[PDB]
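Novice: Sending over a structure as structure tokens; questions will come in a sec.
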Amino acid sequence: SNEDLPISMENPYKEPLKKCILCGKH
Amino acid sequence: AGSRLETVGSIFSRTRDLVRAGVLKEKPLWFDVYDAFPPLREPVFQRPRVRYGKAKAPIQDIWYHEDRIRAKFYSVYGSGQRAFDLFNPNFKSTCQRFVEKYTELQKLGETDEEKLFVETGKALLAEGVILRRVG
Amino acid sequence: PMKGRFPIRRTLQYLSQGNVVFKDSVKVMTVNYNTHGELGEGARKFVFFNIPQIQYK
Amino acid sequence: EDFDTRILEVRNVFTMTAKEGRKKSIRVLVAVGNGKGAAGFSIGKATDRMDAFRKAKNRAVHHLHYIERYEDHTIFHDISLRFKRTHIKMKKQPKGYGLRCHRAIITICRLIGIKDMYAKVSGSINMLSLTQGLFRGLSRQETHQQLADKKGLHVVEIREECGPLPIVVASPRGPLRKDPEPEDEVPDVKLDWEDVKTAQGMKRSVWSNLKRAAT
Amino acid sequence: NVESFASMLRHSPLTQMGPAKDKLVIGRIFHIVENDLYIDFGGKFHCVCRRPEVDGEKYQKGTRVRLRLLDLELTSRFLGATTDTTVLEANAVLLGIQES
Amino acid sequence: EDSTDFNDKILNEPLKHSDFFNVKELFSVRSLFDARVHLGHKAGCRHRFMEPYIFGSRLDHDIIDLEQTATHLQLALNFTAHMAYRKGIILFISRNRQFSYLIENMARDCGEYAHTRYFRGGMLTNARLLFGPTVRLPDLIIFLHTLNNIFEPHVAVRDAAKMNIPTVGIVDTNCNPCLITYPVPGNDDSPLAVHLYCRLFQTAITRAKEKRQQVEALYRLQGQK
Ligand code: FES
Ligand SMILES: [Mg+2]
């Protein structure tokens with residue numbers, strides 16, 4: 001159809017979720 | 001004796017009907033123009049409702065294939081120290097210059113992503129572009 | 001309003017619209033049907049819509 | 001001059017004031033109409049009754065509804081609606097049936113120009129909710145031309161007096177569909193137990209179908 | 001061969017900019033009230049920046065300046081609100097003047 | 001005898017043409033795009049009745065579909081031009097104080113009327129009391145901003161409908177267009193968008209008034225001879 005139309009996808013600029021200072025530590 | 005029931009129909013329907021009933025002796029100055037060139041939607045009052053349960057708005061997020069290249073470029077090299085000029089309709093930023101070279105090399109048959117990204121930076125450095133990695 | 005879906009089924013006019021009047025030989029009619037499955041859909045509607053008309057006649 | 005005004009309710013309302021104590025005012029409901037589909041209603045408030053009459057009737061002509069009439073004598077189809085707690089069920093009727101409706105509905109129907117209709121009011125019988133519900137129901141009815149245009153099919157009227165003759169009452173102005181309307185073997189429409197109880201001869205009321213003066 | 005809206009939007013600098021947070025843009029002072037500078041930078045809403053203490057007199061109507069964008073429109077939904085409250089202005093930090 | 005010919009050659013002839021005033025030459029999707037007309041508010045401010053006119057959301061910022069704006073703007077300008085041709089009273093209304101001065105000047109220059117100030121209760125629905133029994137109300141109300149300064153619909157939108165006055169209105173993504181006769185989805189905030197709208201309506205109105213004089217003058221010269 002048309003090449004310049006928007007395409008469906010997930011936010012590429014989405015920032016990673018923030019983590020607590022103890023995330024992943026026992 | 002125009003009706004003031006603005007929530008019952010539209011000014012056109014209320015005016016047309018009262019003209020038929022003989023309540024309005026003369027048609028208003030705008031009626032003939034509306035009839036010849038009506039709006040796309042008839043202006044009828046509607047009450048806005050909040051959505052509930054699983055109802056969602058049909059508005060989609062606007063994304064482009066190059067947005068993936070822009071997200072990586074900003075992560076690797078950050079925002080360029082050059083300032084955006086959003087007044088110039090043909091402005092090209094360092095990111096856009098990177099995207100255009102990245103697109104050109106992809107059309108040359110290269111398909112790897114991590115390799116297609118490193119070769120693009122070298123091409124710009126050869127052209128004199130300043131690419132200071134953030135980290 | 002009348003309770004239930006398709007309240008038309010609970011009217012004398014609807015029940016008298018059955019066209020199946022069994023011969024005197026017929027004494028018992030058993031209906032074996034399945035609650036789910038696309039191939040048993042007609043039998044479910046038969047139980048839902050027409051068994052009342054058959055029994056009425 | 002073409003409009004007639006009718007009173008529907010005159011009420012003495014009272015508010016309490018600091019100095020004067022129990023204060024008396026008049027609340028009036030009036031309906032206006034020209035007998036040709038244009039009709040409206042308005043509330044009037046004043047300390048004196050004649051001032052309430054003036055305010056109500058003069059205001060109502062600025063809030064007129066247009067009501068479509070089938071053959072200029074009845075409604076286009078049965079109307080069943082609820083306005084707040086007042087239920088109004090109206091039935092389209094043939095000529096000569098007269099207005100067999102709540103006395104207030106009779107008054108309003110004469111202002112609109114409806115000659116033949118049955119109506120039953122159930123639930124709260126409040127004059128203002130009855131009047132406001134009545135005008136809502138009558139304003140929101142689909143005409144035969146609107147039905148034909150919406151579905152792109154002919155609207156064919158069958159009369160037992162005229163036998164099997166098909167009478168086209170409305171045809172779509174735009175293109176005419178070629179696909180017949182689907183014939184659902186059994187309609188999933190909600191029925192009123194009162195209508196079903198009556199059609200089955202089970203509704204036994206000493207007050208129904210009583211002889212009354214021409215309305 | 002008339003350009004479509006979808007094409008204009010794809011190739012617009014505002015679209016190509018991506019997220020606005022921490023993006024350097026060039027603005028223009030169009031209105032001044034005391035020491036409050038109203039600066040347009042190509043977006044829907046202007047930003048309001050206080051006159052810098054150093055070289056304050058250099059900032060005049062028409063002066064082009066460098067900004068670091070934070071938000072194109074300041075909006076937030078507060079307790080009990082059905083829609084977001086908007087102040088109808090962008091959030092940006094005035095860095096200095098742009099010179100050639 | 002002569003009136004039927006007058007109304008037929010002057011009042012009914014323009015109504016037989018799709019664009020009698022050639023208002024499509026006044027704007028283009030590119031001209032609207034350069035004026036930032038496509039820029040809407042953030043998604044959190046979106047009004048439900050504006051979803052049909054929204055192209056999408058670009059990073060939580062709604063984009064107005066200029067393909068629709070172009071068609072809606074064509075109708076609004078065409079209607080506005082025809083009402084000016086018929087010598088209708090056109091009233092511009094907006095509470096956006098950034099553009100009050102601009103809008104008041106645009107009205108005076110085109111020979112029309114502007115109301116950009118606080119709107120007092122009953123200017124339209126109680127005009128005879130406020131102005132006099134013979135006061136003539138506007139035949140067309142053009143809203144360059146449909147919201148008041150507390151982000152609610154301007155009271156004149158409802159009151160214009162009550163008085164059966166057609167309304168042209170720029171409707172942003174946070175506006176309610178249900179009662180606006182000829183709504184035009186477009187950015188109402190950016191000075192470039194607002195200035196464009198004023199140029200377009202000013203030009204449409206000025207052209208239509210000049211056309212009315214041309215047609216009348218020709219109709220008279222031919223009448224004598
Ligand atoms: S954020 Fe706390 S465990 Fe991951
Ligand atoms: Mg806006």
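Letters A, B, ... mark the chains of the structure tokens in the order given; residue numbers begin at 1 per chain; ligand numbers begin at 1, in order shown.
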Could I get the residue neighbourhood of ligand 1 at 10 Å, counting only C-alpha atoms and all ligand atoms, as a ChimeraX atom specification?

Specialist: /A:17-26

Novice: Quick one: residues within 10 Å of ligand 2, with only C-alpha atoms and all ligand atoms, as a ChimeraX atom specification?

Specialist: /E:44-45,86,88 /F:39-42,45,96,145-147,151,170-175,186-190

Novice: Just want the 8 Å neighbourhood of residue 43 in chain C, counted on only C-alpha atoms, with same-chain residues fewer than 4 positions away dropped. Output as a ChimeraX atom specification.

Specialist: /C:33-34,47

Novice: Using only N, CA, C and O atoms, please write the residues we just selected to a file, as a PDB file, in the first residue's frame.

Specialist:
```pdb
ATOM      1  N   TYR C  33     -28.249 -35.770  23.701  1.00  0.00           N
ATOM      2  CA  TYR C  33     -27.546 -34.653  23.096  1.00  0.00           C
ATOM      3  C   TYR C  33     -26.364 -34.274  23.971  1.00  0.00           C
ATOM      4  O   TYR C  33     -26.276 -34.664  25.137  1.00  0.00           O
ATOM      5  N   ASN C  34     -25.450 -33.503  23.389  1.00  0.00           N
ATOM      6  CA  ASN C  34     -24.226 -33.087  24.053  1.00  0.00           C
ATOM      7  C   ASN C  34     -24.256 -31.584  24.279  1.00  0.00           C
ATOM      8  O   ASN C  34     -24.693 -30.825  23.409  1.00  0.00           O
ATOM      9  N   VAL C  47     -33.467 -29.263  21.387  1.00  0.00           N
ATOM     10  CA  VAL C  47     -33.897 -29.357  22.779  1.00  0.00           C
ATOM     11  C   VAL C  47     -34.368 -27.999  23.281  1.00  0.00           C
ATOM     12  O   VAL C  47     -35.346 -27.901  24.031  1.00  0.00           O
TER      13      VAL C  47
END
```

Novice: Which residues, written as a list in words, have at least one atom at most 9 Å from range 61-63 of chain B, with only C-alpha atoms counted and residues fewer than 2 positions away on the same chain left out?

Specialist: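 Within the cut-off, the hits are residues 5, 6, 7, 8, 9, 10, 11 and 12 of chain A; 59, 65, 66 and 67 of chain B; 55, 56, 57, 58, 59, 60, 62 and 63 of chain F.
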
Novice: Keeping only N, CA, C and O atoms, write the selected residues as a PDB file, in the first residue's frame.

Specialist:
```
ATOM      1  N   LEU A   5       3.474   4.686   6.043  1.00  0.00           N
ATOM      2  CA  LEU A   5       2.512   4.504   7.114  1.00  0.00           C
ATOM      3  C   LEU A   5       3.212   3.975   8.366  1.00  0.00           C
ATOM      4  O   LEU A   5       4.212   3.259   8.270  1.00  0.00           O
ATOM      5  N   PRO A   6       2.711   4.314   9.553  1.00  0.00           N
ATOM      6  CA  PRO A   6       3.295   3.755  10.777  1.00  0.00           C
ATOM      7  C   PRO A   6       3.173   2.239  10.807  1.00  0.00           C
ATOM      8  O   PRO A   6       2.306   1.650  10.158  1.00  0.00           O
ATOM      9  N   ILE A   7       4.064   1.608  11.569  1.00  0.00           N
ATOM     10  CA  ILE A   7       4.084   0.160  11.714  1.00  0.00           C
ATOM     11  C   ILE A   7       3.858  -0.194  13.176  1.00  0.00           C
ATOM     12  O   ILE A   7       4.289   0.522  14.085  1.00  0.00           O
ATOM     13  N   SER A   8       3.175  -1.315  13.399  1.00  0.00           N
ATOM     14  CA  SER A   8       2.887  -1.767  14.752  1.00  0.00           C
ATOM     15  C   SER A   8       4.098  -2.481  15.334  1.00  0.00           C
ATOM     16  O   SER A   8       4.688  -3.354  14.689  1.00  0.00           O
ATOM     17  N   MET A   9       4.464  -2.109  16.554  1.00  0.00           N
ATOM     18  CA  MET A   9       5.605  -2.696  17.244  1.00  0.00           C
ATOM     19  C   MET A   9       5.600  -2.158  18.668  1.00  0.00           C
ATOM     20  O   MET A   9       4.728  -1.372  19.053  1.00  0.00           O
ATOM     21  N   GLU A  10       6.585  -2.586  19.445  1.00  0.00           N
ATOM     22  CA  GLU A  10       6.724  -2.173  20.832  1.00  0.00           C
ATOM     23  C   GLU A  10       7.631  -0.952  20.911  1.00  0.00           C
ATOM     24  O   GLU A  10       8.481  -0.730  20.046  1.00  0.00           O
ATOM     25  N   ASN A  11       7.427  -0.149  21.950  1.00  0.00           N
ATOM     26  CA  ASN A  11       8.160   1.094  22.111  1.00  0.00           C
ATOM     27  C   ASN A  11       9.666   0.827  22.072  1.00  0.00           C
ATOM     28  O   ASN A  11      10.193   0.165  22.979  1.00  0.00           O
ATOM     29  N   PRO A  12      10.391   1.323  21.060  1.00  0.00           N
ATOM     30  CA  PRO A  12      11.847   1.118  21.043  1.00  0.00           C
ATOM     31  C   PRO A  12      12.598   2.002  22.017  1.00  0.00           C
ATOM     32  O   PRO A  12      13.727   1.656  22.392  1.00  0.00           O
TER      33      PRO A  12
ATOM     34  N   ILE B  59      -6.686   4.470  19.479  1.00  0.00           N
ATOM     35  CA  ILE B  59      -5.536   5.244  19.028  1.00  0.00           C
ATOM     36  C   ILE B  59      -4.286   4.387  19.165  1.00  0.00           C
ATOM     37  O   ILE B  59      -4.023   3.816  20.229  1.00  0.00           O
ATOM     38  N   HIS B  65      10.290   1.940  11.461  1.00  0.00           N
ATOM     39  CA  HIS B  65      11.406   1.002  11.522  1.00  0.00           C
ATOM     40  C   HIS B  65      12.672   1.692  12.005  1.00  0.00           C
ATOM     41  O   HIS B  65      13.449   1.116  12.775  1.00  0.00           O
ATOM     42  N   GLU B  66      12.897   2.927  11.562  1.00  0.00           N
ATOM     43  CA  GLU B  66      14.097   3.651  11.960  1.00  0.00           C
ATOM     44  C   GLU B  66      14.113   3.994  13.444  1.00  0.00           C
ATOM     45  O   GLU B  66      15.178   4.318  13.977  1.00  0.00           O
ATOM     46  N   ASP B  67      12.967   3.928  14.127  1.00  0.00           N
ATOM     47  CA  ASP B  67      12.958   4.228  15.556  1.00  0.00           C
ATOM     48  C   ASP B  67      13.843   3.263  16.334  1.00  0.00           C
ATOM     49  O   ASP B  67      14.432   3.647  17.350  1.00  0.00           O
TER      50      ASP B  67
ATOM     51  N   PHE F  55      -4.757  10.970  14.147  1.00  0.00           N
ATOM     52  CA  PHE F  55      -3.949  10.038  13.370  1.00  0.00           C
ATOM     53  C   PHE F  55      -3.278   9.013  14.272  1.00  0.00           C
ATOM     54  O   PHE F  55      -3.184   7.832  13.919  1.00  0.00           O
ATOM     55  N   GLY F  56      -2.811   9.443  15.436  1.00  0.00           N
ATOM     56  CA  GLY F  56      -2.165   8.544  16.367  1.00  0.00           C
ATOM     57  C   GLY F  56      -1.493   9.334  17.469  1.00  0.00           C
ATOM     58  O   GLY F  56      -1.648  10.553  17.567  1.00  0.00           O
ATOM     59  N   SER F  57      -0.742   8.615  18.299  1.00  0.00           N
ATOM     60  CA  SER F  57       0.017   9.213  19.389  1.00  0.00           C
ATOM     61  C   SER F  57       1.495   8.945  19.154  1.00  0.00           C
ATOM     62  O   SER F  57       1.912   7.786  19.070  1.00  0.00           O
ATOM     63  N   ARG F  58       2.280  10.012  19.056  1.00  0.00           N
ATOM     64  CA  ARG F  58       3.725   9.919  18.870  1.00  0.00           C
ATOM     65  C   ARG F  58       4.381  10.199  20.216  1.00  0.00           C
ATOM     66  O   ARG F  58       4.534  11.354  20.618  1.00  0.00           O
ATOM     67  N   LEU F  59       4.772   9.132  20.911  1.00  0.00           N
ATOM     68  CA  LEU F  59       5.387   9.242  22.232  1.00  0.00           C
ATOM     69  C   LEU F  59       4.470  10.000  23.192  1.00  0.00           C
ATOM     70  O   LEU F  59       4.865  10.981  23.825  1.00  0.00           O
ATOM     71  N   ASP F  60       3.226   9.530  23.288  1.00  0.00           N
ATOM     72  CA  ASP F  60       2.190  10.057  24.172  1.00  0.00           C
ATOM     73  C   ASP F  60       1.725  11.453  23.779  1.00  0.00           C
ATOM     74  O   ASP F  60       1.083  12.132  24.587  1.00  0.00           O
ATOM     75  N   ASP F  62      -0.631  13.284  20.931  1.00  0.00           N
ATOM     76  CA  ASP F  62      -1.593  12.958  19.890  1.00  0.00           C
ATOM     77  C   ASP F  62      -1.292  13.747  18.624  1.00  0.00           C
ATOM     78  O   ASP F  62      -0.936  14.927  18.674  1.00  0.00           O
ATOM     79  N   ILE F  63      -1.443  13.084  17.483  1.00  0.00           N
ATOM     80  CA  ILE F  63      -1.232  13.687  16.173  1.00  0.00           C
ATOM     81  C   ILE F  63      -2.583  13.771  15.482  1.00  0.00           C
ATOM     82  O   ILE F  63      -3.309  12.773  15.402  1.00  0.00           O
TER      83      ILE F  63
END
```

Novice: Considering only C-alpha atoms, give me a table of residues in chain B that are at most 6 Å from chain F, with the closest atom pair and distance in Å for each, as a Markdown table.

Specialist:
```
| residue | atom | partner | partner_atom | distance |
| --- | --- | --- | --- | --- |
| B:4 | CA | F:162 | CA | 4.2 |
| B:6 | CA | F:162 | CA | 5.0 |
| B:11 | CA | F:164 | CA | 5.0 |
| B:39 | CA | F:182 | CA | 5.8 |
| B:43 | CA | F:179 | CA | 5.1 |
| B:44 | CA | F:179 | CA | 5.9 |
| B:45 | CA | F:178 | CA | 5.4 |
| B:59 | CA | F:56 | CA | 5.4 |
| B:60 | CA | F:56 | CA | 5.3 |
| B:61 | CA | F:57 | CA | 4.9 |
| B:62 | CA | F:58 | CA | 5.0 |
```

Novice: Measuring between only C-alpha atoms, which one of D:108, D:43, D:151, D:26 shows the shortest distance to residue 182 in chain D?

Specialist: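 Selected residue with least distance to residue 182 in chain D: D:151.
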
Novice: Using only C-alpha atoms, determine which residues of chain B fall within 9 Å of chain E; present them as a ChimeraX atom specification.

Specialist: /B:50,64,66-67,70-71,79-93,95-96

Novice: Name the residues of range 4-95 of chain E that come out as strand (DSSP E or B) in a backbone DSSP run; write them as a PyMOL selection string.

Specialist: chain E and resi 23-33+36-40+47-50+64-71+75-76+85-86+90-95

Novice: Could you write those residues out with N, CA and C atoms, as a JSON list (two decimals), in the first residue's frame?

Specialist:
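As a result, selection-v7.json now contains:
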```json
[["chain", "number", "residue", "atom", "x", "y", "z"],
["E", 23, "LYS", "N", 17.15, 16.63, 25.24],
["E", 23, "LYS", "CA", 17.47, 16.92, 23.85],
["E", 23, "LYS", "C", 17.77, 18.41, 23.71],
["E", 24, "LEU", "N", 18.89, 18.73, 23.08],
["E", 24, "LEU", "CA", 19.25, 20.12, 22.86],
["E", 24, "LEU", "C", 18.53, 20.65, 21.63],
["E", 25, "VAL", "N", 17.85, 21.78, 21.78],
["E", 25, "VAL", "CA", 17.09, 22.39, 20.70],
["E", 25, "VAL", "C", 17.39, 23.89, 20.69],
["E", 26, "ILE", "N", 17.13, 24.51, 19.54],
["E", 26, "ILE", "CA", 17.29, 25.95, 19.37],
["E", 26, "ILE", "C", 15.92, 26.59, 19.51],
["E", 27, "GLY", "N", 15.82, 27.58, 20.40],
["E", 27, "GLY", "CA", 14.59, 28.31, 20.61],
["E", 27, "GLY", "C", 14.76, 29.77, 20.22],
["E", 28, "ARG", "N", 13.63, 30.47, 20.18],
["E", 28, "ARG", "CA", 13.58, 31.89, 19.85],
["E", 28, "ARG", "C", 12.70, 32.59, 20.86],
["E", 29, "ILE", "N", 13.21, 33.67, 21.45],
["E", 29, "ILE", "CA", 12.43, 34.45, 22.40],
["E", 29, "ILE", "C", 11.44, 35.29, 21.60],
["E", 30, "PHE", "N", 10.15, 35.11, 21.88],
["E", 30, "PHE", "CA", 9.10, 35.83, 21.18],
["E", 30, "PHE", "C", 8.33, 36.79, 22.07],
["E", 31, "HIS", "N", 8.35, 36.59, 23.38],
["E", 31, "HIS", "CA", 7.67, 37.48, 24.31],
["E", 31, "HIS", "C", 8.47, 37.51, 25.61],
["E", 32, "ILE", "N", 8.54, 38.69, 26.22],
["E", 32, "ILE", "CA", 9.27, 38.88, 27.47],
["E", 32, "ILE", "C", 8.40, 39.68, 28.43],
["E", 33, "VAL", "N", 8.31, 39.20, 29.67],
["E", 33, "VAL", "CA", 7.56, 39.86, 30.73],
["E", 33, "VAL", "C", 8.52, 39.96, 31.92],
["E", 36, "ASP", "N", 10.97, 37.03, 32.68],
["E", 36, "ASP", "CA", 10.47, 35.76, 32.19],
["E", 36, "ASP", "C", 10.53, 35.76, 30.67],
["E", 37, "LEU", "N", 11.29, 34.83, 30.11],
["E", 37, "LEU", "CA", 11.48, 34.72, 28.67],
["E", 37, "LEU", "C", 10.58, 33.62, 28.11],
["E", 38, "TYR", "N", 9.74, 33.98, 27.15],
["E", 38, "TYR", "CA", 8.86, 33.04, 26.47],
["E", 38, "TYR", "C", 9.54, 32.61, 25.18],
["E", 39, "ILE", "N", 9.85, 31.33, 25.07],
["E", 39, "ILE", "CA", 10.74, 30.82, 24.02],
["E", 39, "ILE", "C", 10.01, 29.73, 23.26],
["E", 40, "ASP", "N", 9.89, 29.90, 21.94],
["E", 40, "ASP", "CA", 9.37, 28.87, 21.06],
["E", 40, "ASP", "C", 10.53, 28.09, 20.46],
["E", 47, "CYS", "N", 8.08, 27.39, 26.01],
["E", 47, "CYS", "CA", 8.62, 27.26, 27.35],
["E", 47, "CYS", "C", 8.86, 28.65, 27.93],
["E", 48, "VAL", "N", 8.87, 28.73, 29.26],
["E", 48, "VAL", "CA", 9.12, 29.97, 29.98],
["E", 48, "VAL", "C", 10.38, 29.78, 30.81],
["E", 49, "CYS", "N", 11.40, 30.58, 30.53],
["E", 49, "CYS", "CA", 12.69, 30.49, 31.21],
["E", 49, "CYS", "C", 13.04, 31.85, 31.81],
["E", 50, "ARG", "N", 13.58, 31.82, 33.03],
["E", 50, "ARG", "CA", 14.00, 33.05, 33.68],
["E", 50, "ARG", "C", 15.26, 33.61, 33.03],
["E", 64, "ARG", "N", 17.89, 34.11, 19.58],
["E", 64, "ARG", "CA", 17.87, 32.66, 19.49],
["E", 64, "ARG", "C", 18.76, 32.07, 20.58],
["E", 65, "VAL", "N", 18.27, 31.02, 21.24],
["E", 65, "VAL", "CA", 18.90, 30.47, 22.43],
["E", 65, "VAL", "C", 18.95, 28.96, 22.33],
["E", 66, "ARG", "N", 19.81, 28.37, 23.17],
["E", 66, "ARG", "CA", 19.95, 26.92, 23.26],
["E", 66, "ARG", "C", 19.19, 26.42, 24.48],
["E", 67, "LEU", "N", 18.40, 25.37, 24.29],
["E", 67, "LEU", "CA", 17.57, 24.81, 25.35],
["E", 67, "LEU", "C", 17.85, 23.32, 25.48],
["E", 68, "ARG", "N", 17.68, 22.80, 26.69],
["E", 68, "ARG", "CA", 17.66, 21.37, 26.93],
["E", 68, "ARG", "C", 16.23, 21.00, 27.30],
["E", 69, "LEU", "N", 15.56, 20.26, 26.43],
["E", 69, "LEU", "CA", 14.16, 19.93, 26.64],
["E", 69, "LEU", "C", 14.01, 18.88, 27.73],
["E", 70, "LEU", "N", 12.91, 18.99, 28.47],
["E", 70, "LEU", "CA", 12.52, 18.01, 29.47],
["E", 70, "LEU", "C", 11.17, 17.38, 29.15],
["E", 71, "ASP", "N", 10.18, 18.19, 28.80],
["E", 71, "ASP", "CA", 8.87, 17.70, 28.41],
["E", 71, "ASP", "C", 8.28, 18.67, 27.39],
["E", 75, "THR", "N", 1.94, 18.03, 31.92],
["E", 75, "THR", "CA", 0.61, 17.54, 32.24],
["E", 75, "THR", "C", 0.73, 16.48, 33.32],
["E", 76, "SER", "N", -0.30, 16.40, 34.16],
["E", 76, "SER", "CA", -0.37, 15.37, 35.18],
["E", 76, "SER", "C", -1.83, 15.16, 35.56],
["E", 85, "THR", "N", -4.55, 17.50, 33.95],
["E", 85, "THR", "CA", -4.39, 18.95, 34.02],
["E", 85, "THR", "C", -3.15, 19.36, 33.24],
["E", 86, "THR", "N", -3.30, 20.34, 32.36],
["E", 86, "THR", "CA", -2.21, 20.85, 31.55],
["E", 86, "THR", "C", -2.01, 22.34, 31.82],
["E", 90, "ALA", "N", 5.72, 24.05, 27.67],
["E", 90, "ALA", "CA", 6.75, 23.02, 27.72],
["E", 90, "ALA", "C", 7.71, 23.29, 28.87],
["E", 91, "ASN", "N", 8.41, 22.24, 29.29],
["E", 91, "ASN", "CA", 9.43, 22.32, 30.31],
["E", 91, "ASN", "C", 10.80, 22.21, 29.65],
["E", 92, "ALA", "N", 11.63, 23.24, 29.82],
["E", 92, "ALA", "CA", 12.96, 23.25, 29.24],
["E", 92, "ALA", "C", 13.89, 24.08, 30.11],
["E", 93, "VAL", "N", 15.19, 23.80, 29.99],
["E", 93, "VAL", "CA", 16.23, 24.52, 30.72],
["E", 93, "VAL", "C", 16.99, 25.38, 29.74],
["E", 94, "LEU", "N", 17.08, 26.68, 30.03],
["E", 94, "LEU", "CA", 17.80, 27.61, 29.18],
["E", 94, "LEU", "C", 19.30, 27.52, 29.48],
["E", 95, "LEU", "N", 20.09, 27.17, 28.46],
["E", 95, "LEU", "CA", 21.53, 27.03, 28.64],
["E", 95, "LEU", "C", 22.27, 28.32, 28.32]]
```

Novice: Could you list the residues in chain D lying within 12 Å of chain F, using only C-alpha atoms, and format the result as an MDAnalysis selection string?

Specialist: chainID D and resid 62:64

Novice: Report as a VMD selection string all protein, DNA and RNA residues lying within 10 Å of residue 4 in chain E, evaluated on only C-alpha atoms, omitting residues in the same chain fewer than 3 positions from it.

Specialist: (chain A and resid 2 4 to 5) or (chain E and resid 1 7 to 9) or (chain F and resid 29 to 30 66 to 67)

Novice: Please list as a compact mmCIF listing (two decimals) with N, CA and C atoms, in the first residue's frame every residue within 8 Å of residue 9 in chain C, counting only C-alpha atoms and excluding residues in the same chain fewer than 4 positions away.

Specialist:
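Saved as part_4.txt:
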```txt
# COMPACT_ATOMS: atom_id res chain seq x y z
N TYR C 14 -46.44 -19.55 20.25
CA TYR C 14 -45.25 -20.29 19.84
C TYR C 14 -45.44 -21.79 19.99
N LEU C 15 -45.99 -22.22 21.13
CA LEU C 15 -46.11 -23.66 21.38
C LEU C 15 -47.06 -24.33 20.41
N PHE C 49 -35.51 -25.23 21.51
CA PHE C 49 -36.60 -24.56 20.82
C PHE C 49 -37.79 -25.46 20.51
N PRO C 52 -40.24 -28.24 23.47
CA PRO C 52 -41.50 -27.70 24.02
C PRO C 52 -42.66 -27.77 23.05
```

Novice: Using only C-alpha atoms, find the residues of chain D whose closest atom to chain C is at most 8 Å away, then write them as number ranges by chain.

Specialist: D: 186-193, 196, 200

Novice: Skip residue 192 in chain F itself and residues of its chain fewer than 5 positions away, then list as a ChimeraX atom specification all residues within 9 Å of it, counting only C-alpha atoms.

Specialist: /F:34-37,197

Novice: Among chain D, which residues carry a DSSP assignment of helix (DSSP H, G or I), reported as number ranges by chain?

Specialist: D: 49-60, 103-112, 127-139, 144-151, 193-199
